[PDB]
Amino acid sequence: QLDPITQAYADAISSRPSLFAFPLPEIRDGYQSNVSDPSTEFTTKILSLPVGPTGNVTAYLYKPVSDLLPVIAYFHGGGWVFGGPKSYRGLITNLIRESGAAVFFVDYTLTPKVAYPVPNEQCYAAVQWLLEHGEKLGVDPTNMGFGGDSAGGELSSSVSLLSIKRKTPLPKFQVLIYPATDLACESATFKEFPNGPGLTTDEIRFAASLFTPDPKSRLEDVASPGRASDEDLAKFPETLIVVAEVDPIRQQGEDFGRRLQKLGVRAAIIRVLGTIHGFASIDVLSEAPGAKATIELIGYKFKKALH
Amino acid sequence: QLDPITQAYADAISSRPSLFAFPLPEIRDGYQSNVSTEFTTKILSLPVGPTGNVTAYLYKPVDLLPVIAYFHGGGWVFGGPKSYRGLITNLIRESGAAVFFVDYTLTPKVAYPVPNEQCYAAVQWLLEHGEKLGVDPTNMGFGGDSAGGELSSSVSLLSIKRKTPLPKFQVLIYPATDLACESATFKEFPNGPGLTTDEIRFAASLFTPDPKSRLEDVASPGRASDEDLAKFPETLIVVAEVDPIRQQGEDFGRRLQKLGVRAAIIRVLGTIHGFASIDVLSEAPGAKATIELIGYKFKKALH
């Protein structure tokens, strides 16, 4: 059922207590290994953007070393509670290495210091900012990708939906990695994998309660882009969806994808067998065969779609 | 459930009669239409195998090239360099490797185990003579789709039984791994577009008329021993979702993982059997993405 590398990880993390319980650590971001090895190199610009509902969004612009670079706007996962530039260093260096693109990593504010729709709007505003200021930073905003995993997938598709509603430019290409696309309903696989390793169904309900304390929010399309209208969804950018087989959240990605296919959006949907939620960002899992191959595909696919 | 491009193709050939019926055409290979410049072509007559001859095509793209031994599909009844021109062009472009395309004899002109042994002997020849052809036999991949997947894993299994060099990397695309048993997806997609259970039975009766032949591990490497399978080279298995034989490639993958060989298994949703070589389908998003992945994975694995 699970590949060795993945099964070994799943064992050492039943040892673990749910990190998603009260109280929450003041620190929500950190290096997984601090290996501390490269050998893909990129420059970093730290950005304080005077935008978004809180007045400020922190972003990191990463550019690979050596006319305007393509740029991937990346929205990280971690249940809206955790994650950031440090814990996502592996995935970002992977994307950069394989895609040759710049990465615009939005370090949005974490729950519960804010709640829906503030992180969504922060992400959306960062992207607007990027559209306007990107060229003078050496990236080409007319050549943009969207990428996000889990919560970041929700944010990715949310930002896409908000762009459609506001008639601001969409990205050329979007990748959703086991996205949360419907916070309102429990799909078939919530049942199928109540504890099924790597992501518990109680860790899901909990993050939803911090992100969307008003359950009525979850029915809104900006919150749950899976519940968007046919008419809006039909305008989504070409989208690649990648899901883990053993994942409470698997059905959302697949449903969302089928929905796009039905509406005539170019949408590729790929399920990776023998792997668990988090395979794209957790360092250990990312070296398993299926994970490693699809991480490469994601990066390669940005490279081809973004020019 | 199927993406628009795939569904449109399915509607189109919904009327068209199955090729897997008598009379079989005299000509079993042909261009999907219509007529390289990205690679050279060398036709090889190999004085090997049970028939005395195995035809192979060495394709080289623009020090020693890596080389992919490719075993084409077509239910053992059809196929060759012409019908597979698209996939091969893709593989060469995406991978940067030479492709060593084994044009094994089709059925029922021959039958099991002759194609298997032809493919096996072709690889032994390549191992000996590759460097002289400008490729590196120590930097070798296997790929095959469907029947070609059966053939690929069969050559892998024979290499293990006979102690001859395995490849660095292997790609099986909706492979046939178990000719003896009917899987869950046989029932789930008995008629489902792209490949029917009727067609599977047809090809099986020509390739392996004796049911007992289907139980041999060389015919069905999915039934090999745990001891042998555990020595398989790192494998990537890609399957289509709506396909009677989907179940075979996944079961084979799980067994590889269970036995500790590096095995990646990927299911592509909304697409059918044949998406990797059928020119129309190749442009659908899922299909396009996985053909690229396959070519890319050969690039990464072969140096």
# chains A, B, ... in the order shown; residues from 1 in each chain; ligands from 1
>>> interface_residues(of="chain A", to="chain B", cutoff="7 Å", atoms="only C-alpha atoms", output="list in words")
residues 1, 3, 4, 258, 261, 262, 264, 266, 267, 268, 269, 270, 271, 272, 273, 289, 290 and 297 of chain A
>>> write_last_selection(atoms="C-alpha atoms", output="CSV table (one decimal), in the first residue's frame")
chain,number,residue,atom,x,y,z
A,1,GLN,CA,0.0,0.0,0.0
A,3,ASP,CA,6.2,2.7,-0.5
A,4,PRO,CA,9.0,1.9,1.9
A,258,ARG,CA,-13.1,16.7,-13.3
A,261,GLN,CA,-12.4,19.1,-17.5
A,262,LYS,CA,-16.2,19.0,-17.9
A,264,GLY,CA,-13.6,22.8,-21.0
A,266,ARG,CA,-7.3,22.2,-20.0
A,267,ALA,CA,-6.8,20.2,-16.8
A,268,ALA,CA,-4.4,17.3,-16.1
A,269,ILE,CA,-5.1,15.1,-13.1
A,270,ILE,CA,-2.5,12.7,-11.7
A,271,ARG,CA,-2.8,10.5,-8.6
A,272,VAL,CA,0.4,9.3,-7.1
A,273,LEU,CA,0.1,5.8,-5.6
A,289,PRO,CA,10.0,7.6,-6.3
A,290,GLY,CA,6.4,8.8,-7.0
A,297,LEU,CA,7.0,17.0,-13.5
>>> closest_atom_pairs(of="stretch 170-276 of chain A", to="stretch 146-157 of chain A", cutoff="12 Å", atoms="only C-alpha atoms", output="tab-separated table")
residue	atom	partner	partner_atom	distance
A:170	CA	A:146	CA	9.0
A:171	CA	A:146	CA	6.3
A:172	CA	A:146	CA	8.3
A:173	CA	A:146	CA	6.3
A:174	CA	A:146	CA	4.5
A:175	CA	A:147	CA	4.7
A:176	CA	A:153	CA	5.1
A:177	CA	A:149	CA	4.3
A:178	CA	A:150	CA	5.3
A:179	CA	A:150	CA	4.0
A:180	CA	A:154	CA	5.1
A:181	CA	A:154	CA	5.3
A:182	CA	A:154	CA	8.2
A:183	CA	A:154	CA	9.1
A:199	CA	A:150	CA	10.9
A:204	CA	A:151	CA	10.4
A:207	CA	A:151	CA	9.5
A:208	CA	A:151	CA	9.8
A:211	CA	A:151	CA	9.8
A:218	CA	A:154	CA	11.4
A:221	CA	A:157	CA	9.9
A:222	CA	A:157	CA	8.6
A:223	CA	A:154	CA	7.4
A:224	CA	A:154	CA	7.0
A:225	CA	A:157	CA	6.2
A:226	CA	A:157	CA	8.7
A:227	CA	A:157	CA	11.2
A:228	CA	A:157	CA	10.2
A:232	CA	A:157	CA	11.4
A:233	CA	A:157	CA	9.6
A:235	CA	A:157	CA	11.6
A:236	CA	A:157	CA	8.4
A:237	CA	A:146	CA	9.3
A:238	CA	A:146	CA	10.3
A:239	CA	A:146	CA	9.1
A:240	CA	A:147	CA	9.3
A:241	CA	A:153	CA	9.4
A:242	CA	A:149	CA	9.3
A:243	CA	A:150	CA	9.7
A:244	CA	A:150	CA	10.9
A:247	CA	A:150	CA	10.9
A:248	CA	A:150	CA	11.3
A:249	CA	A:150	CA	8.4
A:250	CA	A:150	CA	9.9
A:252	CA	A:150	CA	10.1
A:253	CA	A:153	CA	9.1
A:256	CA	A:157	CA	10.0
A:257	CA	A:157	CA	11.4
A:260	CA	A:157	CA	11.7
>>> select_by_dssp(residues="stretch 42-246 of chain B", states="helix (DSSP H, G or I)", output="short mmCIF file (atom, residue, chain, number, x, y, z; two decimals) with N, CA and C atoms, in the first residue's frame")
data_model
loop_
_atom_site.label_atom_id
_atom_site.label_comp_id
_atom_site.auth_asym_id
_atom_site.auth_seq_id
_atom_site.Cartn_x
_atom_site.Cartn_y
_atom_site.Cartn_z
N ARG B 85 5.66 6.25 -34.55
CA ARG B 85 6.50 7.40 -34.85
C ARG B 85 6.28 8.56 -33.87
N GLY B 86 5.03 8.80 -33.49
CA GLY B 86 4.75 9.92 -32.62
C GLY B 86 5.39 9.77 -31.25
N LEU B 87 5.09 8.66 -30.58
CA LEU B 87 5.60 8.43 -29.25
C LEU B 87 7.13 8.43 -29.26
N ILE B 88 7.73 7.82 -30.28
CA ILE B 88 9.18 7.73 -30.36
C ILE B 88 9.83 9.11 -30.52
N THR B 89 9.25 9.91 -31.41
CA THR B 89 9.68 11.28 -31.59
C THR B 89 9.63 12.05 -30.26
N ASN B 90 8.52 11.89 -29.55
CA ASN B 90 8.38 12.50 -28.24
C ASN B 90 9.47 12.00 -27.31
N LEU B 91 9.64 10.68 -27.23
CA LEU B 91 10.58 10.10 -26.28
C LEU B 91 11.97 10.62 -26.55
N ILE B 92 12.36 10.64 -27.82
CA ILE B 92 13.67 11.11 -28.18
C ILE B 92 13.86 12.58 -27.84
N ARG B 93 12.86 13.40 -28.15
CA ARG B 93 12.95 14.83 -27.89
C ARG B 93 13.04 15.11 -26.39
N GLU B 94 12.13 14.52 -25.61
CA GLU B 94 12.06 14.77 -24.17
C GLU B 94 13.23 14.16 -23.40
N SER B 95 13.79 13.06 -23.88
CA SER B 95 14.80 12.34 -23.10
C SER B 95 16.22 12.66 -23.52
N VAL B 114 8.09 -16.34 -28.44
CA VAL B 114 9.03 -15.86 -29.45
C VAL B 114 9.28 -14.34 -29.41
N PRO B 115 8.22 -13.51 -29.34
CA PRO B 115 8.50 -12.07 -29.19
C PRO B 115 9.34 -11.78 -27.95
N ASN B 116 9.02 -12.44 -26.83
CA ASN B 116 9.79 -12.23 -25.60
C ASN B 116 11.25 -12.50 -25.83
N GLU B 117 11.55 -13.66 -26.43
CA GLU B 117 12.92 -14.07 -26.69
C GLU B 117 13.57 -13.22 -27.76
N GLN B 118 12.80 -12.76 -28.73
CA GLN B 118 13.35 -11.83 -29.72
C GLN B 118 13.81 -10.56 -29.03
N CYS B 119 12.95 -10.03 -28.15
CA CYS B 119 13.26 -8.78 -27.46
C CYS B 119 14.44 -9.00 -26.54
N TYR B 120 14.48 -10.15 -25.88
CA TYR B 120 15.59 -10.45 -24.99
C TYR B 120 16.91 -10.51 -25.74
N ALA B 121 16.92 -11.19 -26.89
CA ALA B 121 18.15 -11.39 -27.64
C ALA B 121 18.58 -10.08 -28.27
N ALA B 122 17.61 -9.22 -28.57
CA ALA B 122 17.92 -7.92 -29.15
C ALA B 122 18.71 -7.12 -28.13
N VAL B 123 18.29 -7.18 -26.88
CA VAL B 123 19.00 -6.47 -25.82
C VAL B 123 20.42 -7.04 -25.62
N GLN B 124 20.58 -8.36 -25.64
CA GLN B 124 21.93 -8.93 -25.49
C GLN B 124 22.87 -8.43 -26.61
N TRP B 125 22.34 -8.34 -27.82
CA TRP B 125 23.10 -7.87 -28.97
C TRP B 125 23.50 -6.40 -28.78
N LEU B 126 22.54 -5.59 -28.35
CA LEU B 126 22.77 -4.18 -28.09
C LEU B 126 23.85 -4.01 -27.03
N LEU B 127 23.80 -4.86 -25.99
CA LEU B 127 24.79 -4.80 -24.92
C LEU B 127 26.18 -5.01 -25.47
N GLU B 128 26.31 -5.94 -26.41
CA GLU B 128 27.61 -6.24 -26.99
C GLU B 128 28.05 -5.21 -28.02
N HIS B 129 27.11 -4.72 -28.83
CA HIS B 129 27.48 -3.96 -30.03
C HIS B 129 27.13 -2.48 -29.94
N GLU B 131 28.24 0.24 -28.10
CA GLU B 131 29.31 1.23 -28.12
C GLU B 131 29.78 1.51 -29.55
N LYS B 132 29.89 0.47 -30.37
CA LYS B 132 30.23 0.64 -31.79
C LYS B 132 29.17 1.42 -32.56
N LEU B 133 27.94 1.45 -32.05
CA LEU B 133 26.87 2.18 -32.72
C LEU B 133 26.75 3.60 -32.18
N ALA B 147 1.24 -4.45 -24.36
CA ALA B 147 1.96 -5.66 -24.74
C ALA B 147 3.47 -5.40 -24.62
N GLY B 148 3.88 -4.19 -25.00
CA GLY B 148 5.25 -3.77 -24.84
C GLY B 148 5.68 -3.71 -23.39
N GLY B 149 4.74 -3.44 -22.49
CA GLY B 149 5.01 -3.44 -21.06
C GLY B 149 5.24 -4.85 -20.55
N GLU B 150 4.42 -5.78 -21.05
CA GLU B 150 4.59 -7.21 -20.79
C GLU B 150 5.97 -7.63 -21.27
N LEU B 151 6.32 -7.20 -22.48
CA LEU B 151 7.59 -7.59 -23.09
C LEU B 151 8.77 -7.02 -22.32
N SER B 152 8.70 -5.73 -22.00
CA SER B 152 9.72 -5.09 -21.18
C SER B 152 9.98 -5.78 -19.84
N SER B 153 8.92 -6.00 -19.06
CA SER B 153 9.11 -6.62 -17.75
C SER B 153 9.53 -8.08 -17.95
N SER B 154 9.05 -8.71 -19.04
CA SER B 154 9.49 -10.06 -19.39
C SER B 154 10.99 -10.08 -19.68
N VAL B 155 11.48 -9.11 -20.44
CA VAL B 155 12.92 -9.07 -20.68
C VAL B 155 13.67 -8.80 -19.36
N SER B 156 13.06 -7.97 -18.50
CA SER B 156 13.66 -7.71 -17.21
C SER B 156 13.73 -9.01 -16.42
N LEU B 157 12.63 -9.77 -16.41
CA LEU B 157 12.60 -11.02 -15.67
C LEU B 157 13.59 -12.02 -16.26
N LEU B 158 13.74 -12.04 -17.58
CA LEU B 158 14.65 -13.00 -18.17
C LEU B 158 16.09 -12.64 -17.85
N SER B 159 16.39 -11.34 -17.79
CA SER B 159 17.73 -10.89 -17.42
C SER B 159 18.09 -11.37 -16.01
N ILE B 160 17.11 -11.32 -15.12
CA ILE B 160 17.31 -11.77 -13.75
C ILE B 160 17.51 -13.29 -13.70
N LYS B 161 16.66 -14.06 -14.40
CA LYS B 161 16.82 -15.52 -14.44
C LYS B 161 18.18 -15.94 -15.05
N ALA B 184 -10.13 -6.48 -11.44
CA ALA B 184 -11.33 -5.70 -11.13
C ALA B 184 -11.70 -4.74 -12.25
N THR B 185 -10.69 -4.19 -12.93
CA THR B 185 -10.96 -3.19 -13.94
C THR B 185 -11.47 -3.83 -15.24
N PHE B 186 -11.29 -5.14 -15.39
CA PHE B 186 -11.91 -5.88 -16.50
C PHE B 186 -13.42 -5.72 -16.42
N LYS B 187 -13.94 -5.93 -15.21
CA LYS B 187 -15.36 -5.80 -14.90
C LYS B 187 -15.82 -4.35 -14.92
N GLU B 188 -15.02 -3.46 -14.35
CA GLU B 188 -15.41 -2.06 -14.30
C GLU B 188 -15.44 -1.41 -15.68
N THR B 197 -12.77 -5.69 -23.24
CA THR B 197 -12.41 -7.02 -22.79
C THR B 197 -12.43 -8.00 -23.95
N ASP B 198 -13.25 -7.72 -24.96
CA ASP B 198 -13.32 -8.55 -26.15
C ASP B 198 -11.97 -8.54 -26.85
N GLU B 199 -11.36 -7.36 -26.94
CA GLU B 199 -10.09 -7.23 -27.64
C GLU B 199 -8.95 -7.92 -26.87
N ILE B 200 -9.02 -7.88 -25.54
CA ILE B 200 -8.01 -8.52 -24.70
C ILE B 200 -8.01 -10.02 -24.92
N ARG B 201 -9.21 -10.62 -24.87
CA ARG B 201 -9.40 -12.04 -25.15
C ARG B 201 -8.93 -12.43 -26.55
N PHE B 202 -9.21 -11.58 -27.53
CA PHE B 202 -8.76 -11.82 -28.88
C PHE B 202 -7.23 -11.94 -28.93
N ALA B 203 -6.52 -10.90 -28.50
CA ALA B 203 -5.06 -10.90 -28.58
C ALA B 203 -4.45 -12.04 -27.77
N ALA B 204 -5.02 -12.31 -26.61
CA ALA B 204 -4.54 -13.41 -25.76
C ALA B 204 -4.62 -14.76 -26.48
N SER B 205 -5.70 -15.00 -27.20
CA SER B 205 -5.89 -16.28 -27.87
C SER B 205 -4.89 -16.51 -29.02
N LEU B 206 -4.36 -15.43 -29.60
CA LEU B 206 -3.36 -15.53 -30.65
C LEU B 206 -1.96 -15.62 -30.04
N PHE B 207 -1.70 -14.78 -29.04
CA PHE B 207 -0.38 -14.67 -28.44
C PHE B 207 -0.13 -15.86 -27.51
N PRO B 211 -3.94 -21.54 -22.46
CA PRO B 211 -4.12 -20.84 -21.18
C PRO B 211 -3.00 -21.12 -20.21
N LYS B 212 -2.51 -22.35 -20.21
CA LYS B 212 -1.39 -22.69 -19.36
C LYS B 212 -0.17 -21.77 -19.60
N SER B 213 0.07 -21.37 -20.85
CA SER B 213 1.18 -20.46 -21.15
C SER B 213 1.05 -19.14 -20.38
N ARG B 214 -0.19 -18.71 -20.18
CA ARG B 214 -0.46 -17.45 -19.52
C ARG B 214 -0.05 -17.48 -18.05
N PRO B 221 4.86 -11.37 -16.14
CA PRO B 221 5.87 -11.14 -15.10
C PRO B 221 5.24 -10.71 -13.78
N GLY B 222 3.97 -10.30 -13.82
CA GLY B 222 3.24 -9.99 -12.61
C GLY B 222 3.03 -11.19 -11.70
N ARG B 223 3.27 -12.40 -12.22
CA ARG B 223 3.18 -13.62 -11.42
C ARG B 223 4.55 -14.18 -11.07
N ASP B 226 8.55 -13.43 -5.64
CA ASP B 226 9.04 -12.34 -4.82
C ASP B 226 10.55 -12.24 -4.92
N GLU B 227 11.24 -13.37 -4.97
CA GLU B 227 12.70 -13.34 -5.07
C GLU B 227 13.18 -12.66 -6.36
N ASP B 228 12.56 -13.01 -7.49
CA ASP B 228 12.93 -12.41 -8.77
C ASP B 228 12.49 -10.94 -8.89
N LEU B 229 11.25 -10.65 -8.50
CA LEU B 229 10.72 -9.31 -8.70
C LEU B 229 11.50 -8.31 -7.89
N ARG B 246 -6.12 -1.36 -16.25
CA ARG B 246 -5.52 -0.42 -15.31
C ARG B 246 -4.99 -1.15 -14.08
#
>>> select_by_dssp(residues="stretch 22-233 of chain B", states="strand (DSSP E or B)", output="VMD selection string")
chain B and resid 39 to 46 54 to 61 65 to 71 98 to 102 135 to 145 169 to 173
>>> atom_distance(atom1="atom CA of residue A:40", atom2="atom CA of residue A:281")
16.7 Å
>>> residues_around(residues="residue A:45", least_positions_apart="4", cutoff="10 Å", atoms="only C-alpha atoms", output="VMD selection string")
chain A and resid 59 to 63 104 137
>>> write_last_selection(atoms="C-alpha atoms", output="CSV table (one decimal), in the first residue's frame")
chain,number,residue,atom,x,y,z
A,59,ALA,CA,7.0,38.2,0.2
A,60,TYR,CA,10.2,36.6,-0.9
A,61,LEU,CA,11.3,36.9,-4.5
A,62,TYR,CA,13.7,34.1,-5.5
A,63,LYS,CA,15.6,34.3,-8.8
A,104,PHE,CA,7.3,34.8,-5.7
A,137,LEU,CA,12.5,43.3,-10.5
>>> residues_around(residues="stretch 10-18 of chain A", least_positions_apart="2", cutoff="10 Å", atoms="only C-alpha atoms", output="PyMOL selection string")
chain A and resi 2+4-8+20-22+196-200+202-203+275-276+285
>>> write_last_selection(atoms="N, CA, C and O atoms", output="compact mmCIF listing (two decimals), in the first residue's frame")
# COMPACT_ATOMS: atom_id res chain seq x y z
N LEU A 2 1.79 1.37 0.92
CA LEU A 2 2.68 2.53 0.96
C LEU A 2 4.09 2.14 0.54
O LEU A 2 4.53 1.03 0.85
N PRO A 4 8.21 2.01 0.72
CA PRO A 4 9.05 1.90 1.92
C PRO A 4 9.38 3.25 2.57
O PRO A 4 9.08 3.45 3.75
N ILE A 5 9.98 4.16 1.80
CA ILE A 5 10.38 5.47 2.31
C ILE A 5 9.21 6.18 2.97
O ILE A 5 9.36 6.84 4.00
N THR A 6 8.02 6.01 2.39
CA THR A 6 6.84 6.68 2.90
C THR A 6 6.30 5.97 4.13
O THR A 6 5.90 6.63 5.10
N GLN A 7 6.30 4.64 4.09
CA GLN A 7 5.88 3.84 5.24
C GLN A 7 6.78 4.06 6.46
O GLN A 7 6.29 4.12 7.58
N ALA A 8 8.09 4.20 6.23
CA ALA A 8 9.02 4.48 7.32
C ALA A 8 8.70 5.83 7.99
O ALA A 8 8.62 5.92 9.22
N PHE A 20 -1.08 20.07 15.67
CA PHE A 20 -2.27 20.90 15.51
C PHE A 20 -3.19 20.76 16.72
O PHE A 20 -4.30 20.25 16.62
N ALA A 21 -2.70 21.21 17.86
CA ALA A 21 -3.50 21.30 19.07
C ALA A 21 -3.13 22.59 19.80
O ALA A 21 -2.07 23.18 19.54
N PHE A 22 -4.00 23.03 20.70
CA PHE A 22 -3.72 24.18 21.55
C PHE A 22 -2.79 23.77 22.70
O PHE A 22 -2.95 22.68 23.26
N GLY A 196 -5.57 7.74 8.37
CA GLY A 196 -4.62 7.31 7.34
C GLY A 196 -3.46 8.27 7.28
O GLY A 196 -3.67 9.46 7.05
N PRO A 197 -2.25 7.76 7.49
CA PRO A 197 -1.09 8.51 8.02
C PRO A 197 -0.81 9.82 7.33
O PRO A 197 -1.25 10.01 6.20
N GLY A 198 -0.09 10.72 7.99
CA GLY A 198 0.36 11.95 7.36
C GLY A 198 -0.58 13.14 7.45
O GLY A 198 -0.15 14.28 7.38
N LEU A 199 -1.87 12.86 7.60
CA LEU A 199 -2.87 13.90 7.75
C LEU A 199 -4.14 13.29 8.30
O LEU A 199 -4.81 12.51 7.61
N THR A 200 -4.48 13.63 9.53
CA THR A 200 -5.68 13.09 10.17
C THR A 200 -6.93 13.93 9.87
O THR A 200 -6.84 15.10 9.54
N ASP A 202 -9.02 14.89 11.96
CA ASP A 202 -9.22 15.82 13.08
C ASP A 202 -8.27 17.01 12.99
O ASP A 202 -8.57 18.10 13.48
N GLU A 203 -7.12 16.79 12.36
CA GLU A 203 -6.23 17.88 12.05
C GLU A 203 -6.86 18.76 10.98
O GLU A 203 -6.60 19.95 10.92
N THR A 275 1.66 6.95 -1.73
CA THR A 275 2.16 8.13 -1.03
C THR A 275 1.07 8.84 -0.22
O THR A 275 -0.13 8.62 -0.42
N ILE A 276 1.51 9.71 0.69
CA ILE A 276 0.62 10.40 1.62
C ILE A 276 0.65 11.92 1.45
O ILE A 276 1.56 12.46 0.82
N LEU A 285 9.81 12.49 2.54
CA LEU A 285 8.87 11.92 1.59
C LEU A 285 9.19 12.31 0.16
O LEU A 285 8.80 11.63 -0.78
>>> atom_distance(atom1="atom CA of residue A:35", atom2="atom CA of residue A:91")
13.8 Å
>>> atom_distance(atom1="atom CA of residue B:143", atom2="atom CA of residue B:169")
8.5 Å
>>> residues_around(residues="residue B:273", least_positions_apart="5", cutoff="7 Å", atoms="only C-alpha atoms", output="CSV table (one decimal) with N, CA and C atoms, in the first residue's frame")
chain,number,residue,atom,x,y,z
B,194,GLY,N,-11.6,2.9,-26.0
B,194,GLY,CA,-10.1,2.7,-26.1
B,194,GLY,C,-9.6,1.3,-26.0
B,195,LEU,N,-10.3,0.4,-25.3
B,195,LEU,CA,-9.9,-1.0,-25.1
B,195,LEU,C,-11.0,-1.8,-24.5
B,240,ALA,N,-3.6,4.6,-17.4
B,240,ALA,CA,-4.8,5.4,-17.7
B,240,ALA,C,-5.9,4.9,-16.7
B,243,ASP,N,-9.7,2.1,-18.3
B,243,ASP,CA,-8.9,1.1,-19.0
B,243,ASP,C,-9.1,-0.3,-18.3
>>> closest_residue(among="A:39, A:109, A:128, A:195", to="residue A:90", atoms="only C-alpha atoms")
A:39
